[PDB]
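Comments concern the structure below.
Chains as they are written, first to last, in this note's numbering: chain A, 19 to 228; chain B, 19 to 228; chain C, 19 to 228; chain D, 19 to 228; chain E, 19 to 228; chain F, 19 to 228.
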């Protein structure tokens with residue numbers, strides 16, 4: 019038997035928090051939707067589909083891990099004959115979706131009485147993320163303006179990565195880049211540069227500032 | 019069998035030492051009181067609930083474990099077959115928490131004579147914390163005074179993460195923060211600040227620093 | 019026995035990207051052409067034939083891995099004891115181009131109705147690369163001007179190293195090299211060269227630059 | 019002979035030597051005195067109760083290890099089935115005070131013929147210690163001094179930990195500390211301080227030194 | 019055919035490339051000619067006799083290794099229960115020189131039809147080396163021409179050690195050593211030296227340069 | 019022959035070079051003389067007794083290792099059903115004295131026909147040592163001098179350990195120390211010292227020379 023489930027549109031939504039808010043806590047419903055209990059697999063999905071903050075993947079992942087520890091700790095994995103293939107008291111693996119893999123899992127989860135794993139596990143998540151908001155704390159390019167006595171060259175270079183590393187829109191990307199570049203030379207260099215007025219390729223201007 | 023047990027209010031208490039004093043001594047006699055001998059699990063709890071001085075648990079835990087070693091060293095269970103004596107006794111691992119199952123703790127504890135698992139373990143702990151106290155010393159954001167030649171630019175960072183690492187009223191936190199920022203400027207940076215008089219976004223100030 | 023295919027000429031084709039403009043993201047539809055869905059051995063081939071940009075490969079390989087993981091994840095590897103072999107539910111490794119003998123893989127691809135690994139795997143490939151190109155962002159010996167406080171010797175070191183790393187005719191290589199060495203001096207270093215006017219082996223000039 | 023044995027007072031004494039002369043060689047006749055025979059378990063004790071010179075423990079420990087090596091080297095268990103009457107021949111671990119219960123130690127020692135565990139081990143011990151004395155050589159908080167271009171913050175830090183790291187009254191510790199801070203300042207720094215004349219929170223002075 | 023075989027005179031020859039041009043790309047076809055197609059011990063021999071460029075040993079060695087891989091890849095072990103061994107299907111290892119005692123390896127070459135490993139292995143090798151010439155790219159003590167703003171003091175030290183690292187006649191070594199040391203010397207350092215005129219032990223001169 | 023042989027005098031001798039002038043390669047015909055080809059245990063002994071250039075032991079050990087490889091390489095094992103225990107295709111381990119401990123070893127060595135391991139092995143030694151001599155090239159404390167810009171404190175430190183790390187007489191140790199510190203000192207520092215004229219412990223002067 020198979021119920022119909024989780025669209026990729028809904029994924030698109032999940033995605034969409036990322037797409038809105040890739041690495042920024044304007045999260046709340048998005049989680050709430052995604053925390054429609056879920057199983058591992060979906061949850062696994064979200065975390066699979068997750069990017070942005072590897073560190074966040076981390077943060078949860080310890081949290082989870084100790085949640086697992088806690089699971090075993092609050093339920094020290096009590097053995098038996100496992101008469102009619104039970105629930106196999108959830109671990110980190112289960113939290114991976116492994117141990118009564120998803121059908122079977124859901125099978126526990128909507129085993130009635132349940133063993134509704136992804137939700138428990140969900141509590142594990144549930145445990146991190148907020149704190150993740152509490153944890154993660156951006157980020158910004160603008161300040162990539164050249165250091166105190168930082169040299170230019172690097173400054174643009176750095177900048178160059180950083181712009182590489184920055185957001186969407188080529189158009190923006192070009193013009194902004196000059197436009198933000200300007201001040202991202204540090205004032206003194208920028209002043210030289212301003213004193214250059216224009217230039218084109220970096221390099222000549224730069225060449226002055228090396 | 020059940021017995022009713024430890025609250026999370028009691029946790030709130032454990033907490034109460036902790037939010038009282040997450041990174042320093044003078045919270046202790048009362049916590050030590052509140053460490054009513056313990057079991058592994060409560061100790062585990064404490065350890066679960068543990069944080070603040072990452073070193074503190076860290077040094078303690080080895081010590082605890084070497085306390086286990088010492089246990090082993092003064093007896094590791096130099097023995098074999100059994101009719102589960104002294105609530106089927108433990109080794110260092112149980113004393114680590116480890117190979118105690120829930121029962122085994124309780125069992126050990128209220129078996130008569132017991133095995134005072136959490137108490138030994140407690141003693142191990144008991145062994146550390148004091149030292150922790152005995153030497154463990156915080157630390158502050160205030161210190162992000164711009165010591166010898168620190169440049170404000172870093173500083174802004176220095177604060178900014180540190181501030182990130184700083185807490186409570188954010189509102190408060192700013193105003194003092196600027197006001198303490200000025201302070202934590204090195205006089206010369208401070209000068210730039212004085213010389214800035216007012217600013218707002220960092221950057222213009224930063225620009226003075228860049 | 020074969021349904022005869024591929025060649026090193028077709029490799030010359032794979033190659034054809036690479037030497038043509040290996041960093042030519044612009045090559046991908048051609049590649050997509052040369053990935054005629056791709057079998058594991060050809061996919062293996064491509065990765066075998068792979069070279070020059072391991073960073074890119076690196077990124078990719080992660081995807082492949084993630085793909086593998088994903089495969090098992092998104093196809094829970096819900097195998098058990100076989101009955102007439104059936105290409106044994108490909109794992110990440112098979113998908114790595116590993117498990118199943120190459121024919122047998124292939125066999126699976128041309129199994130009717132296949133176990134056609136190589137496409138999936140192809141998507142894996144696709145899964146890195148495209149993006150990988152899409153931000154895999156070079157590189158250049160020209161960029162090796164000369165730092166702010168970078169002196170020539172080091173510049174030679176760089177330049178020359180990079181030059182070591184640079185391609186083409188030696189003849190080219192020299193002349194540009196003076197001329198671009200010229201250019202890629204830092205302006206002051208550039209000055210020393212300008213101030214040097216001519217010279218021959220580096221060293222004497224260089225000697226000025228030490 | 020479920021005997022009578024070494025006290026913690028006597029331990030206290032050994033320990034006391036450490037407390038006497040924590041990092042100072044001139045222990046030795048006592049050392050030999052508490053070395054008197056020494057069971058491996060007591061020898062374990064000495065190393066157990068050991069602390070404050072991990073380098074020493076370390077350095078010794080290679081000797082021990084070599085001593086084990088040597089043990090096997092000068093006698094590599096050239097044996098097969100232990101017949102009755104042998105108090106099981108030691109190896110490096112036993113000689114480490116490891117493999118054995120006390121009995122096996124004593125059994126080896128006062129099994130007559132013995133196995134003179136504690137003595138061998140004693141040579142081992144001796145083997146570190148000698149060197150240890152012979153080279154080991156502190157340390158000094160005075161050296162928290164602000165060296166050549168050393169600057170203050172660090173100097174105080176240096177003070178702060180180090181003074182923290184030092185022994186005795188806090189009271190003492192302060193007054194000397196100012197009195198020792200002052201001058202261990204590099205002169206130019208000392209001077210700033212002299213030029214500060216007095217001060218109180220470090221920071222204003224320090225701020226001057228930033 | 020348990021013949022007479024390869025001399026060390028032939029080694030002297032292998033050597034002859036090597037002392038001729040030990041860590042430089044241009045001695046080689048003439049050596050490859052002198053490879054005379056080598057089999058494993060001999061290939062090993064070359065590897066045995068190999069030295070100077072561990073990185074080269076490396077460079078090849080990846081090639082070998084991937085050659086092995088390729089090998090494994092292109093020999094996706096079709097091996098099963100061998101019917102009378104018949105110079106047993108190589109694996110990377112054989113090709114590493116690893117598999118088979120040498121005769122049998124040799125047999126594997128010189129059997130007729132052979133299963134000549136050593137040629138393949140030779141191919142592997144053959145596969146690196148060229149590229150090694152393509153890879154490796156010298157080398158020179160002269161290049162201990164003094165840095166830009168760095169002291170002599172090291173510069174000579176560095177030299178001196180480099181000189182350690184340098185080879186040939188000592189006699190030579192001195193005079194050049196002053197004579198190029200004088201030179202290596204940054205002009206400014208060199209000048210100090212010139213200004214030193216003579217000296218004898220380094221040190222007094224050095225002493226001027228410290 | 020449950021023989022009578024070797025000496026700590028023989029050691030004393032072994033020592034005598036080492037201790038005479040361990041970094042005088044000028045020891046070598048004697049040392050090899052003192053080798054008399056030997057066994058593992060004595061050679062091991064020599065190697066046990068070894069100390070001074072860690073690196074030396076290392077490099078030899080590297081040699082040994084490769085010698086072991088060579089042993090197998092030039093004669094792998096080809097082991098099957100040993101008849102009368104034999105000399106069992108010795109390796110690095112045998113060279114350790116591992117495989118065939120000394121009695122049995124010697125038993126092979128004076129097994130007639132022999133298998134005189136320590137000699138082979140001796141050739142392994144023989145294989146290193148030379149290099150060791152030929153490259154191993156000290157060392158010298160004098161060269162601790164107050165840098166080019168390395169400062170005194172460190173200089174004296176550097177000195178201080180190092181002198182500690184240096185040889186001989188206490189008397190000497192005092193006098194040199196004044197005399198050899200003063201001036202090893204970069205001139206400019208030496209100047210401060212000259213400018214100190216005298217002082218007493220370092221420190222006052224150093225505290226001045228910071």
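Virtual Cβ for every residue (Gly too), placed ideally from N, Cα, C.
Check, Outcome
"Among B:80, B:47 and B:161, nearest to residue 110 of chain B - alpha-carbon criterion", "B:80"
"Local Cβ density within 10 Å of residue 152 of chain E, reported as buried at 16 or more and exposed below that", "exposed"
"When C:213, C:119 and C:60 are compared against residue 137 of chain C, the one with the closest alpha-carbon", "C:60"
"Proximal residues to residue 126 of chain F (C-beta, below 8 Å), its chain only, five neighbours per side dropped", "104, 105, 118, 132, 133, 134 and 135"
"Buried or exposed (CB count within 10 angstroms, at least 16 for buried), residue 77 of chain A", "buried"
"Limits of the unbroken alpha helix (DSSP H) element including residue 227 of chain A", "221-227"
"Min CB distance residue 96 of chain C to chain A below 8 Å", "yes"
"Enclosing alpha helix (DSSP H) for residue 192 of chain F [first to last residue]", "188-202"
"Cβ shell of residue 24 of chain E (< 7 Å), same chain only, five flanking positions each side left out", "60"
"Rounded C-alpha distance that separates residue 58 of chain C from residue 121 of chain C", "9 Å"
"Residue 170 of chain F at chain D interface by Cβ criterion, 8 Å", "yes"
"Spatially closest choice to residue 54 of chain F from F:26, F:92 and F:140, by CA coordinates", "F:140"
"is_contact[residue 108 of chain A, chain H] using C-beta, thresh 8 Å", "As a matter of chain content, chain H is missing from the structure shown, whose protein chains are A, B, C, D, E and F."
"Check whether residue 154 of chain F and residue 163 of chain F have beta carbons under 8 Å apart", "no"
"Minimum C-alpha distance to residue 89 of chain D - residue among D:107, D:72 and D:98", "D:107"
"Proximity test, Cβ basis, 8 Å: residue 228 of chain A and chain B", "no"
"Contact between the stretch 27-41 of chain E and the stretch 62-69 of chain E (3+ Cβ pairs under 8 Å)", "yes"
"Nearest residue (CA-CA) to residue 204 of chain F, options F:179, F:166 and F:182", "F:166"
"Of the listed residues C:156, C:201, C:222 and C:91, nearest to residue 226 of chain A (C-alpha basis)", "C:201"
"6 Å CB neighbourhood of residue 214 of chain A in its chain, flanking five on each side removed", "223"
"Alpha helix (DSSP H) runs contained entirely in the stretch 24-78 of chain E, provided each spans 4 or more residues", "26-39, 46-53 and 58-67"
"Continuous alpha helix (DSSP H) stretch holding residue 218 of chain F: start and end", "Here residue 218 of chain F belongs to no alpha helix (DSSP H), and DSSP marks it neither H nor E."
"Rounded distance between the beta-carbons of residue 113 of chain F and residue 82 of chain F, thought under 8 Å", "6 Å"
"Runs of alpha helix (DSSP H) wholly within the stretch 69-124 of chain C (minimum 4 residues, chain order)", "72-92"
"Backbone CA spacing between residue 73 of chain C and residue 87 of chain E [nearest angstrom]", "21 Å"
"Chain-ordered neighbours of residue 229 of chain D on chain B, where CB pairs are closer than 7 Å", "Within the shown structure, residues of chain D are numbered from 19 to 228, placing residue 229 of chain D beyond reach of any answer."
"Near-chain A residues of the stretch 176-207 of chain B (beta-carbon distance less than 7 Å), N- to C-terminal order", "182"
"C-alpha gap between residue 20 of chain D and residue 99 of chain B, whole angstroms", "24 Å"
"Assigned exposure category for residue 208 of chain D - 16 Cβ within 10 Å defines buried", "buried"
"Cross-chain neighbours of residue 148 of chain C in chain E, by beta carbon under 9 Å", "Result: empty, since nearest Cβ-Cβ is about 25 Å, beyond 9 Å."
"Endpoints, alpha helix (DSSP H) assigned at residue 138 of chain C", "135-153"
"Helix, strand or coil at residue 163 of chain F [DSSP, three-state]", "coil"
"Alpha carbon of residue 183 of chain A to alpha carbon of residue 159 of chain A, nearest angstrom", "9 Å"
"Residue 206 of chain A versus A:216, A:65, A:178 and A:168, residue with shortest Cα-Cα distance", "A:168"
"Positions along the stretch 53-72 of chain A whose CB lies within less than 9 Å of some CB in chain C", "59, 62, 63 and 66"
"Residue 166 of chain F at chain E interface by Cβ criterion, 8 Å", "yes"
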